[PDB]
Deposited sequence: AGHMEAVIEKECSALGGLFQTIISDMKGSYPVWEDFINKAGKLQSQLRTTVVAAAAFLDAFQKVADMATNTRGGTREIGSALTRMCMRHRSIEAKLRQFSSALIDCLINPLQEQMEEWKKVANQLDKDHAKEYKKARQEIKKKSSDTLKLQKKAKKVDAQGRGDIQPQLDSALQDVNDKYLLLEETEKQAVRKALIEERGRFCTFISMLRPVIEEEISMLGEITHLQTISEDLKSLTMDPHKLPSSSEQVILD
């Protein structure tokens, strides 16, 4: 570590420092992504259990509907309407299953796999940059040297080559930063492509709720004046 090496390193690293910020950010990100995969996993397992409970509940709901259908007068119409309501909830259950499936198959498992690949890709970006950077450096530590001795034996009575290699390093670093910015953004794009089908299933599941209102109104109509006999 000399004075000439400090000056040179002060020049170079000023160029390639945004790179290290992006890289450091990516390398520090994994615990956040890991906790996400963990909590998503725990939600999906809980949704699977809820689906099983929902299906058993709907079996019992249907038995209640059947019981009304097997009474006599106006109670038979109540039963048919309860049956409709049960069928509508079964459709909602089937979409919840598809939502739960997309959550594990489209998001959790793929994000988990993508994780080790992200770590390897960031390691390599960092490694390759380090290489290009420090050979670029040592080659300009070497050209400033040649210029030093050439300037101290000419005053007893190459400079452009140093300048070349600095503009050279400027565009190297520019390209490395472009590459890191694409990888950084790309991780989120990838994550969002995985998220998309999960949210589509959620929208499809919610959309099945539109059929409940008509049935609830019918049930309301069929249960007016419970103190007297209908027609």
query: Stretches with no C-alpha position, numbering per deposited sequence from 1; finding: 158 to 171, 246 to 253
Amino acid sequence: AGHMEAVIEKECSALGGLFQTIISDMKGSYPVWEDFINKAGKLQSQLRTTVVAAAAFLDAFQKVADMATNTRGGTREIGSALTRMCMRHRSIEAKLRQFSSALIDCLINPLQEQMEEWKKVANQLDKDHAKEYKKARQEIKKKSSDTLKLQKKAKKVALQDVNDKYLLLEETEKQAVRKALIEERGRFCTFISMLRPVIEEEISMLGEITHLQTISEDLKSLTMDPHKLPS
From here on, numbers count along this sequence of modelled residues.
{"item": "Of 51 to 59 and 169 to 177, the one with larger mean CA B-factor", "value": "169 to 177"}
{"item": "84 to 92 versus 124 to 132 - which carries the larger mean C-alpha B factor in the record", "value": "124 to 132"}
{"item": "Most elevated Cα B-factor in the entry, residues 22, 219, 209, 14", "value": "14"}
{"item": "Third of chain Cα B-factors occupied by residue 106", "value": "lowest"}
{"item": "Where the record places residue 193 (Cα B-factor, split into thirds across the chain)", "value": "lowest"}
{"item": "CA B-factor placement of residue 163, once the chain's modelled residues are sorted into thirds", "value": "highest"}
{"item": "Chain-relative CA temperature factor third for residue 113", "value": "lowest"}
